[PDB]
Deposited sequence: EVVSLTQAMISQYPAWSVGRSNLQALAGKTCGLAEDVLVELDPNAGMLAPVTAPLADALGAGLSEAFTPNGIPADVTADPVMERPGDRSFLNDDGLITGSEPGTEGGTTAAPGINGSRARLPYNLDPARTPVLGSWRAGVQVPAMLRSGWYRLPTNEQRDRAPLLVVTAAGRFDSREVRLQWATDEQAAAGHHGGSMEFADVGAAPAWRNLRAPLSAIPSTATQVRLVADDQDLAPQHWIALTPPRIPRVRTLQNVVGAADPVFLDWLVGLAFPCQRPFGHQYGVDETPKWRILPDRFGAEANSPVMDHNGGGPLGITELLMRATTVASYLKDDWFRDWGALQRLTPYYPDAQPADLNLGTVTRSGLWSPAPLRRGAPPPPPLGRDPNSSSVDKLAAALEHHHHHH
């Protein structure tokens, strides 16, 4: 019944699943502005206890030059290190309690058509949903150091790798004007740690609009059934060209390409790990 409706829904769309996957090519464009603190400072401006810019294992790799707040952690989803502070509670050796409270970030008032209805935080590590929360506040509450309420995130994707935590904007009261992140890592097992980046509201376009019908896409035959309008990379008729994307199921390779997963969300279920879209670029 569910299976049957899913498939009927799929076939009823001109370009199948490509119309339902929403792609966020520029996660930095959606970042919330800090209320008072400079961008570099805002992520840890409230409190940081044993959360540091390099508190993340090399293997969740590492960049030569540090990002804005000193992190050499390689960031996912084409997050720009020069515009993306990172704080994490991982460390080698002696494990200690760790906590984070960011400064306040401003929620949008200016409407934008191309936004997903989600507050998103790119995060890594292993943690329970209660350990990372989004607090909200009015101007008055924030000024007095209080918050009006809080929510948890849906943790979507495989841990401890980088992934996008999602919180439906619908849960945030309409009078809230500011939000902040709070994290609590009291679990001293070495494998239990948290890394966060600042909050954003994704600006998105459909995968069909982003990928189109001309860019060649690496994908399994099975997976391609759901993406009828995408051009499958192959060599029929002696075709020779450069693949530009790869689509993967949720759970290189001919030509030495770098594959970068781009942030994406399924319109039909914002908490579903649908699979992955990756942009391919010459490894050079």
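J.: Without any C-alpha position in the structure, which residue ranges of the deposited sequence would you list, numbering from 1?
T.: Those parts of the chain that were deposited but carry no coordinates are 1-16, 77-106, 298-316, 350-406.
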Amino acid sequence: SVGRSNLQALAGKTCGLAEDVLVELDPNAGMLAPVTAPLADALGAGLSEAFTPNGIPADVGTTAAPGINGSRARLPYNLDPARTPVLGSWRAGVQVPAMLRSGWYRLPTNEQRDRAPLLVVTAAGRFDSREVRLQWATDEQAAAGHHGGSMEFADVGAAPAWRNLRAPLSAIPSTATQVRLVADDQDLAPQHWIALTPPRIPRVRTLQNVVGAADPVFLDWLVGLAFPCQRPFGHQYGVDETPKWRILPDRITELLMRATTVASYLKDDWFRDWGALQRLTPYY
From here on, numbers count along this sequence of modelled residues.
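J.: Between 90-98 and 152-160, point out the one with the higher average CA B-factor as the PDB entry records it.
T.: Stretch with the higher mean C-alpha B-factor: 90-98.
J.: Looking at the entry, does 103-111 or 125-133 show the higher mean C-alpha B-factor?
T.: Stretch with the greater average CA B-factor: 103-111.
J.: If you check the C-alpha B-factor for each of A276, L25, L10, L22 in the entry, which is highest?
T.: Answer, based on the entry's C-alpha B-factors: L10.
J.: By the entry's C-alpha temperature factors, tell me which of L207, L75, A167, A144 sits highest.
T.: Largest recorded C-alpha B-factor: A144.
J.: Mind checking which third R246 falls in for C-alpha B-factor across the chain?
T.: Its C-alpha B-factor belongs to the lowest third of this chain's values.
J.: Going by the CA temperature factor in the PDB record, which third of the chain does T260 belong to: lowest, middle or highest?
T.: For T260, whose C-alpha B-factor we compare with every modelled residue in the chain, the answer is the middle third.
J.: Looking at the entry's B-factor column for C-alpha atoms only, identify whether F218 ranks in the lowest, middle or highest third of its chain.
T.: According to the entry, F218 has a C-alpha B-factor in the chain's lowest third.
J.: So where's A33 on the chain's Cα temperature factor ranking, which third?
T.: Within its chain, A33 is a lowest-third residue by C-alpha B-factor, going by the deposited values.
J.: Once the chain's modelled residues are ordered by C-alpha B factor and cut into thirds, is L43 in the lowest, middle or highest one?
T.: Its C-alpha B-factor, which the entry lists for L43, ranks in the lowest third among residues of this chain.
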